[PDB]
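> Protein chains in written order, with the deposited numbering: chain E, 5 to 42, 44 to 49, 49A, 50 to 112; chain K, 1 to 216; chain F, 1 to 174; chain D, 1 to 174; chain B, 1 to 174; chain L, 1 to 214. Each residue gets a CB set at the ideal place from its N, CA and C atoms; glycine is no exception.
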Amino acid sequence: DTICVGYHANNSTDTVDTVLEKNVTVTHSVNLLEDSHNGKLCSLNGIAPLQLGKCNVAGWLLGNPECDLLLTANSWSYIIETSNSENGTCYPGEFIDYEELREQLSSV
Amino acid sequence: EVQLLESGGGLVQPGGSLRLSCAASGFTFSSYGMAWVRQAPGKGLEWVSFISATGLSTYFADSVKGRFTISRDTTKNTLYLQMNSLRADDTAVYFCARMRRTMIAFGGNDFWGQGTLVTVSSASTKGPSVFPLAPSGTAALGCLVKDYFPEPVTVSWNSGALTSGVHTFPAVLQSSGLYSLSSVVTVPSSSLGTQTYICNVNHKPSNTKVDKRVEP
Amino acid sequence: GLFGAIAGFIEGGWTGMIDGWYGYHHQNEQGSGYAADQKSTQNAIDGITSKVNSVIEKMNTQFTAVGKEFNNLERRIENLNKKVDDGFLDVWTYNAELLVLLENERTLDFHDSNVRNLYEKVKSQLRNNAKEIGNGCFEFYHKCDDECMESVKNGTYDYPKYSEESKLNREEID
Amino acid sequence: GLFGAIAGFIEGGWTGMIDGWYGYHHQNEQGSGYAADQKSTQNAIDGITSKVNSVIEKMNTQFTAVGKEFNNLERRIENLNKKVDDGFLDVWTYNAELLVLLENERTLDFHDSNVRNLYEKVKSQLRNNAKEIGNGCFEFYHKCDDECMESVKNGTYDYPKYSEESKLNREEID
Amino acid sequence: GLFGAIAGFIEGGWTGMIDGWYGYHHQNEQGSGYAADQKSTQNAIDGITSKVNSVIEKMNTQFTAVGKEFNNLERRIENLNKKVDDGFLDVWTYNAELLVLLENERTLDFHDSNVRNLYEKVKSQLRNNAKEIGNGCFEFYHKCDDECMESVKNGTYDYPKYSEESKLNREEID
Amino acid sequence: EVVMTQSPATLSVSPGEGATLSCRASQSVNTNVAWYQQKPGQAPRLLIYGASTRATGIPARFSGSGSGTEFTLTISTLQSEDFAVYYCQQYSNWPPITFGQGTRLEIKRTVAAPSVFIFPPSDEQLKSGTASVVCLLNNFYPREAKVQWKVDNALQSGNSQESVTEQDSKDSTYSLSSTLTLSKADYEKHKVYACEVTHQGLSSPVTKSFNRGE
Ligand SMILES: *[C@@H]1O[C@H](CO)[C@@H](O[C@@H]2O[C@H](CO)[C@@H](O[C@@H]3O[C@H](CO[C@H]4O[C@H](CO)[C@@H](O)[C@H](O)[C@@H]4O)[C@@H](O)[C@H](O[C@H]4O[C@H](CO)[C@@H](O)[C@H](O)[C@@H]4O)[C@@H]3O)[C@H](O)[C@H]2NC(C)=O)[C@H](O)[C@H]1NC(C)=O
Ligand SMILES: *[C@@H]1O[C@H](CO[C@@H]2O[C@@H](C)[C@@H](O)[C@@H](O)[C@@H]2O)[C@@H](O[C@@H]2O[C@H](CO)[C@@H](O[C@@H]3O[C@H](CO)[C@@H](O)[C@H](O)[C@@H]3O)[C@H](O)[C@H]2NC(C)=O)[C@H](O)[C@H]1NC(C)=O
Ligand SMILES: *[C@@H]1O[C@H](CO)[C@@H](O[C@@H]2O[C@H](CO)[C@@H](O[C@@H]3O[C@H](CO)[C@@H](O)[C@H](O)[C@@H]3O)[C@H](O)[C@H]2NC(C)=O)[C@H](O)[C@H]1NC(C)=O
Ligand SMILES: *[C@@H]1O[C@H](CO)[C@@H](O[C@@H]2O[C@H](CO)[C@@H](O[C@@H]3O[C@H](CO)[C@@H](O)[C@H](O)[C@@H]3O)[C@H](O)[C@H]2NC(C)=O)[C@H](O)[C@H]1NC(C)=O
Ligand SMILES: *[C@@H]1O[C@H](CO)[C@@H](O[C@@H]2O[C@H](CO)[C@@H](O[C@@H]3O[C@H](CO)[C@@H](O)[C@H](O)[C@@H]3O)[C@H](O)[C@H]2NC(C)=O)[C@H](O)[C@H]1NC(C)=O
Ligand SMILES: *[C@@H]1O[C@H](CO)[C@@H](O[C@@H]2O[C@H](CO)[C@@H](O)[C@H](O)[C@H]2NC(C)=O)[C@H](O)[C@H]1NC(C)=O
């Protein structure tokens, strides 16, 4: 009649890198790195964002007449531009200190 | 090459004692566990006993507790099993077998002996009696062998000149404590004219030869 | 370093053992084994849980980080901004990978140490009456049942109960 | 990992021992013990002193760091400045806390290793005439006085002086 | 921690041994020794090679980094630029020195562990017929030739071949 | 005690086919099952251990499968030497080591009718006081046959013994004998005796009959 002393084994296949060795098969492990995301743009804490659509920030503040849809908007969580936001300044010229205005605008 | 020879069988009176021995040759004997497994006639296998490699662990079957001991000798490379105070239902063929590994999960018994026979009963060595088995209107005839204790008998026909339709049934223990079998031959129905049959029965333990002709 | 137990003097693990990490395997008069050792495995679970929670709570979450804009006469500041972002990103990715690589040898050696200590304890409370035979097994010159099995497991063996009788059997084999 | 001595096979520490970290406790014909082992404890003090001085001298002192000022049209640069300061502060606080947390397991295992080695040495130079009894104690089949006590302590035991006489007493108890 | 073998219970190294890191020294009937142990030293070489390559490949190369220019009314941005460069330089020099200092104790303890395990293996496969004598040497009550030397080296000793004969000689000396 | 059970009891098969055998445990053994075959009057031999790994020197047509509580032996092809008896063994929780109950393996051929004969005793048995009457079946397939022993159209019990031969290498059909063994008194008492046979190959149960002293 005997006692033997041993340890647990399993059928897991997940591997762990280490310094002295690569691809070590471990019994239990835990991930620490997120990869998955939806393809959506939801609202921060129950307040909808503000989508400029085909309009620029300059076009929105000046009131570029083709940006007529977003005329009644007054609250948001964050502002969304697209890759087709081109309607900015219809009469040609130069909005002076446009970037400083975009930095002031990110706290309102 | 590994072989296991074994001896110590024979007919023994009820309440007696034996000492079977299994001699091993072909491996290091002091590094494998050993086991004894018996088989009743016309039944399945049954485990009897086990001794470990170092000889510090012995286990027995539950039905044979206290009546059986087991030991090993390294110098002779010999396994001994001592049987005490037997019963009628210990009549079996005994095998010595070897554990494949040395752990608890040993993984089957790879090498086996060849079987020694042990019969425990209370009877005398008695010669058999032969009776002819006669055709009324049929095409078969035979000889009936009755009331012999030890195994085996041998029944031949025409001193080996009859090897067609010869059926010799396996012996059966009758309730008195003896054995009885039969031997039959089918021939043509009309072969009762000139044809002569002689059944030749040989009983090697009691050494009795009986010659019997069968006819109506 | 490697303490020598896991894939060392002890061979591979036990699939048949379920409810723990470190356990026993016994073969007394009426059964086979696979019982776990709930004392040591609980200490291992506590240590590992505290380790993972510590590694989580050292890393602060980040708040909002949005890109900036520059015209064609502020190239210099724009390059400075890009340099700052890339520098901090390289520092954090280095810290993350290096922390995981060192922590893995630490945890594997921790398990190895636990197995070695669990073997040394059983050896130490079976000083004379055992005759160890290989890959962490013992063999009881005296006779043992379920009660002395649990007596070994808990850590209460009371050796002088058996010390004479074992001695007899030892002198039988010698 | 844990070497198994401190709060392991040896029980709790000795309050009565003062002048060291690792020591002995002897009971010959005319006294009790508590003498320290000045050889090994000096190596421990040297190692720990070098460790603390290394950790101090890796951290450079900082020179003058005074805040800057910006008007209302330089918000962009001001946010960049704040980002740089907060980033470097997070990096240094991470490094400090992580360094202390790893260094603590290193030093506790260092002490544990020292106790185990100090036990193995005494066992190795008392091969036959000892009969160890539990939690790191030995028991001298032969007879010992203060001189053989110091003879054990220094590491000069000369076993063949006693090897026969012990043998006699051993065969008395067996 | 220190496993106790190198400059421990084993004395200094062997200059006469060439083709490895861990080896044997045998004195049978017809020769002296110094043969290496090619199994364990290969595992040590693999571990150390992977370690050095990992430390190399964690450090990314840098691309072009050229200084910038500022006039006398951009002192503020210039000081910010200098602060960024000096901060990142301090962080990287800290990481480099600290990584090397910890890696060195790791590798020395790794070698120490290998020597201790290589000793324990040889002890474990020579359970009764050895009589160890000091600083890792054994002494064969039975008689050994080159074949049982290699039989020890590989890890295939088959103890029950000699177990009786040794016993005789042991009882001769006792 | 882990109790093993094999299924089915007897498997009949034609050559050039495979076969499947089931061993079932009362508890959960992990993978610690082995199988053995046994020829008549031979020692057993190890086939397959650990339920997956074939033994050394085993042809590759044998296969073993299963885990948990049910296990399966599978044979691909036969060459007329594999007709033997098969046993399963657990070694997960011993003592006591427990074997199965065996499953013999038979050759399958065309169903044939039994030839039924009878034999009244000889008079020297009554001179000794013995009555040995022999009812006989020769050359029949399959195994299962039914013998009914009647005295003046009334069923007997407890006074009959039976025996069965092996499976012959040529015709693969069986042979059965049954024997009435009594004293002088019954064979002198009644007159008309019979044995009636019911078999699968038989269209009708066949009666063989005799008189007292005939
Ligand atoms: C919101 O944003 C949209 C998209 O940017 C603006 O719509 C664009 O308006 C500009 C200016 O009117 C267009 O650019 C010019 O279009 C002229 C007409 O092109 C014809 O052929 C094209 C074929 O693809 C058609 O798409 C188009 O409908 C016309 O039929 C071009 O001729 C111009 O080319 C150049 O040559 C002429 C030569 O005289 C010069 O005058 C020009 O300066 C230039 O060098 C030029 O391409 C642009 O095509 C429009 N895009 C779309 C998608 O409609 C909206 O105007 C803007 N909102 C406001 C308030 O204006
Ligand atoms: C650690 O293991 C991973 C995964 O490989 C798995 O484990 C191995 C030990 C083997 O058992 C594999 O059969 C098993 O899947 C290795 O990752 C990748 O290995 C492959 C080679 O198997 C590398 O070659 C690539 O293969 C892919 C196709 O799968 C091609 O598209 C590539 O062009 C290239 O040929 C591959 O680079 C490597 N990485 C990835 C992400 O696939 C891994 O290499 C191994 N660790 C070591 C020692 O590097
Ligand atoms: C560790 O194991 C020991 C066993 O050595 C445990 O002590 C045991 O407690 C059990 C409780 O079931 C005792 O069994 C029963 O005790 C009752 C009450 O006396 C009795 O009526 C039953 O017939 C049976 O004996 C057992 O006897 C006792 N140990 C002894 C001396 O045999 C212990 O509780 C376990 N835990 C620890 C930390 O010790
Ligand atoms: C370690 O311990 C040994 C003791 O085994 C020390 O050696 C000893 O040195 C002392 C000095 O007091 C000796 O005691 C005295 O020696 C003088 C001079 O011979 C003598 O006149 C006294 O009567 C007394 O014996 C002691 O005898 C000697 N060891 C022996 C052989 O007994 C040693 O110095 C200590 N240090 C080291 C590193 O060894
Ligand atoms: C480890 O060492 C063992 C030695 O115990 C090696 O096995 C040995 O292989 C050598 C090959 O030279 C055998 O020597 C010779 O074998 C031939 C062929 O039988 C024979 O004709 C020669 O006279 C001589 O015996 C040696 O006998 C054999 N071991 C034994 C049983 O003595 C083994 O290969 C080495 N490697 C490993 C991993 O085992
Ligand atoms: C490894 O073993 C585990 C069981 O320990 C397997 O898990 C089983 O998976 C199947 C299918 O998902 C479930 O029906 C069972 O309930 C699971 N078992 C238990 C007890 O939970 C696992 O599938 C095995 N191997 C892998 C990785 O597939």
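1) DSSP state of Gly137/K, grouped into three classes?
2) Please classify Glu6/K as buried or exposed, where buried requires at least 16 other C-beta atoms within 10 Å of its C-beta.
3) Below 8 Å on the Cβ atoms is my contact criterion, and I expect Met149/B with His26/B to pass it. Report the Cβ-Cβ distance as a whole number of Å.
4) DSSP state of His41/E, grouped into three classes?
5) Would you say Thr138/K faces chain L, with C-beta separation under 8 Å as the test?
6) Looking at C-alpha atoms only, which residue of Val152/F, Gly136/F, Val66/F is the closest neighbour of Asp37/F?
7) Please check if any C-beta of chain L sits within less than 8 Å of the C-beta of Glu6/K.
8) Could you name the residues of the same chain whose beta carbon sits closer than 6 Å to that of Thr29/E, not counting the 5 residues immediately before and after it, in chain order?
9) Give me the DSSP bridge partner(s) of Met83/K.
10) Please list, in chain order, all residues with a C-beta atom less than 7 Å from at least one heavy atom of ligand 2.
11) Can you list the residues near ligand 4, meaning Cβ strictly closer than 5 Å to any non-hydrogen atom, in the order they appear in the chain?
12) For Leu73/F and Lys45/E, I'd like the C-alpha separation in whole angstroms.
13) Excluding five sequence neighbours on each side, which residues of the same chain lie with their C-beta closer than 8 Å to the C-beta of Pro216/K?
14) For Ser32/F, which three-state DSSP category applies?
15) Measure the alpha-carbon distance for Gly100/L versus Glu46/K and round it to whole angstroms.
16) Kindly examine ligand 1 and report whether one of its heavy atoms sits closer than 7 Å to the Cβ of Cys47/E.
17) Under 8 Å between the Cβ atoms of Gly97/E and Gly63/E?
18) I'd like to know if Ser52/K contacts chain L, where contact means its C-beta is closer than 8 Å to some C-beta of that chain.
19) Who's in the neighbourhood of ligand 1, going by beta-carbon under 6 Å from any heavy atom, listed in chain order?
20) Pick from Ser175/K, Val210/K, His167/K: whose alpha carbon is nearest that of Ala123/K?
21) Just reading off the alpha helix (DSSP H) that residue 198/F is part of, what are its end residues?
22) Taking the alpha carbon of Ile118/L as the reference point, which residue from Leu117/K, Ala140/K, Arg100/K, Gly115/K has its own alpha carbon closest?
23) Please classify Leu79/K as buried or exposed, where buried requires at least 16 neighbouring CB atoms within 10 angstroms.
24) What does the Cβ neighbour count give for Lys82/D, buried or exposed, with the cut at 16 atoms within 10 Å?
25) With 8 Å as the threshold, decide whether the Cβ of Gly47/B is near any Cβ in chain E.
26) For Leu46/L, would you say it is in contact with chain K, using Cβ-to-Cβ distances shorter than 8 Å as the test?
27) If the cut is a Cβ gap below 7 Å, which residues of chain L does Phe29/K touch?
28) Spell out the partners DSSP gives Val33/L in its beta bridges.
29) Alpha carbon to alpha carbon, how far is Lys68/D from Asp90/B? Give it in angstroms, no decimals.
30) Please check if any C-beta of chain B sits within less than 8 Å of the C-beta of residue 181/F.
31) Take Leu54/E and list the residues in its own chain whose beta-carbon comes closer than 6 Å to its own, dropping the five residues that flank it on each side.
32) Taking only the alpha-carbon atoms, compute the straight-line gap between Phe63/D and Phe88/B and give it to the nearest angstrom.
33) Sorry if obvious, but does the Cβ on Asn15/E come closer than 7 Å to a heavy atom of ligand 6?
34) Among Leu80/B, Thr61/B, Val66/B, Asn71/B, which has the Cα closest to the Cα of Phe70/D?
35) So for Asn88/E, helix, strand or coil by DSSP?
36) Going straight from the alpha carbon of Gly23/B to that of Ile48/B, what length do you get?
In short:
1) The residue you call residue 137/K lines up with position 137 of the second sequence. In the structure shown, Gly137/K sits in coil (DSSP, three-state: anything other than H, G, I, E or B).
2) As a first step, residue 6/K is located in the second sequence; it is residue number 6 there, counting from the start. Counting Cβ neighbours within 10 Å, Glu6/K comes out buried, since at least 16 surround it.
3) Numbered from 1 along the fifth sequence, position 149 holds the residue referred to as residue 149/B. Numbered from 1 along the fifth sequence, position 26 holds the residue referred to as residue 26/B. About 5 Å separates the two Cβ atoms, so the contact holds.
4) For the purposes of this step, residue 41/E is taken as the residue at position 37 of the first sequence. If DSSP states are grouped into helix, strand and coil, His41/E belongs with coil.
5) Within the second sequence, numbered from 1, the residue matching residue 138/K stands at position 138. Chain L, which has a Cβ nearer than 8 Å to the Cβ of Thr138/K, makes this yes.
6) For this step, residue 37/F is matched to residue 37 along the third sequence. With distances taken between Cα atoms, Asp37/F lies closest to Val152/F.
7) Position 6 of the second sequence holds residue 6/K. Any Cβ of chain L closer than 8 Å to the Cβ of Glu6/K would place that residue at the interface, and such an atom is absent.
8) Sequence index remark: in the first sequence, residue 29/E carries index 25 (1-based). These residues qualify, in order along the chain: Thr19.
9) As a working mapping, residue 83/K is identified with position 83 in the second sequence. Paired residue(s): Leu18/K, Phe68/K.
10) Put simply, the residues with a CB less than 7 Å from any heavy atom of ligand 2 are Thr19/E, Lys26/E, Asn27/E, in chain order.
11) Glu150/D, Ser151/D, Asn154/D
12) As a working note, residue 73/F is residue 73 in the third sequence. As a working note, residue 45/E is residue 40 in the first sequence. Straight-line Cα distance between these residues: approximately 36 Å.
13) Taking the first residue of the second sequence as position 1, residue 216/K is located at position 216. The answer, listed in chain order, is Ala134, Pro135, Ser136, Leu192.
14) Residue mapping note: residue 32/F aligns to position 32 of the third sequence, counting from 1. Of the three classes helix, strand and coil, the one that applies to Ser32/F here is coil, per DSSP.
15) Sequence index remark: in the sixth sequence, residue 100/L carries index 100 (1-based). Sequence index remark: in the second sequence, residue 46/K carries index 46 (1-based). Rounded to whole angstroms, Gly100/L to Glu46/K spans 9 Å at the Cα level.
16) Numbered from its first residue, the first sequence carries residue 47/E at position 42. Because no heavy atom of ligand 1 lies under 7 Å away, the Cβ of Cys47/E does not count as near it: no.
17) What you label residue 97/E is simply residue 93 of the first sequence in a count that begins at 1. What you label residue 63/E is simply residue 59 of the first sequence in a count that begins at 1. Going by C-beta atoms, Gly97/E is not nearer than 8 Å to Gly63/E.
18) Against the second sequence, residue 52/K aligns to sequence position 52. By this cut-off, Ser52/K is not an interface position.
19) Those residues are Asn68/E, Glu70/E, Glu90/E, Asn91/E, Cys94/E, given in chain order.
20) For this step, residue 123/K is matched to residue 123 along the second sequence. Residue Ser175/K is the option with its Cα nearest to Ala123/K.
21) Limits of chain F in this structure are 1 at one end and 174 at the other, which puts residue 198/F out of reach.
22) Position 118 of the sixth sequence, counted from the start, is the residue given in the question as residue 118/L. With distances taken between Cα atoms, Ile118/L lies closest to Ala140/K.
23) Counted from its first residue, the second sequence places residue 79/K at position 79. Label assigned to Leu79/K: buried.
24) For this step, residue 82/D is matched to residue 82 along the fourth sequence. Exposed is the call here.
25) Numbered from its first residue, the fifth sequence carries residue 47/B at position 47. Judged by the 8 Å Cβ criterion, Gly47/B is in contact with chain E.
26) Position 46 of the sixth sequence, counting from 1, holds the residue named residue 46/L. With 8 Å as the cut-off, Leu46/L counts as an interface residue toward chain K.
27) Within the second sequence, the letter at position 29 stands for residue 29/K. Chain L residues near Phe29/K: none, gap ~19 Å exceeds 7 Å.
28) The count along the sixth sequence starts at 1 and reaches residue 33/L at position 33. Partner residues in the beta bridge of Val33/L, as assigned by DSSP, are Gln90/L.
29) Position 90 of the fifth sequence, counted from the first residue, corresponds to residue 90/B. Position 68 of the fourth sequence, counted from the first residue, corresponds to residue 68/D. So the alpha carbons of these two residues sit roughly 22 Å apart.
30) Because residue 181/F is not part of the residues shown, which for chain F are 1 to 174, the question remains open.
31) As a position in the first sequence, residue 54/E is number 50, starting the count at 1. Excluding sequence neighbours, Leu54/E sits near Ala77, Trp80, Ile83.
32) Counted from its first residue, the fourth sequence places residue 63/D at position 63. Counted from its first residue, the fifth sequence places residue 88/B at position 88. The straight-line gap from Cα to Cα measures roughly 16 Å.
33) Taking the first sequence and counting its residues from 1, one reaches residue 15/E at position 11. Because some heavy atom of ligand 6 lies under 7 Å away, the Cβ of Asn15/E counts as near it: yes.
34) One-based indexing of the fourth sequence puts residue 70/D at position 70. For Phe70/D, the nearest C-alpha among the options comes from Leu80/B.
35) Here residue 88/E is taken as the residue at index 84 of the first sequence, counted from 1. DSSP places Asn88/E in coil when its eight states are reduced to three.
36) On the fifth sequence, residue 23/B is found 23 positions in, with the first residue counted as 1. On the fifth sequence, residue 48/B is found 48 positions in, with the first residue counted as 1. Roughly 18 Å between the two C-alpha positions.
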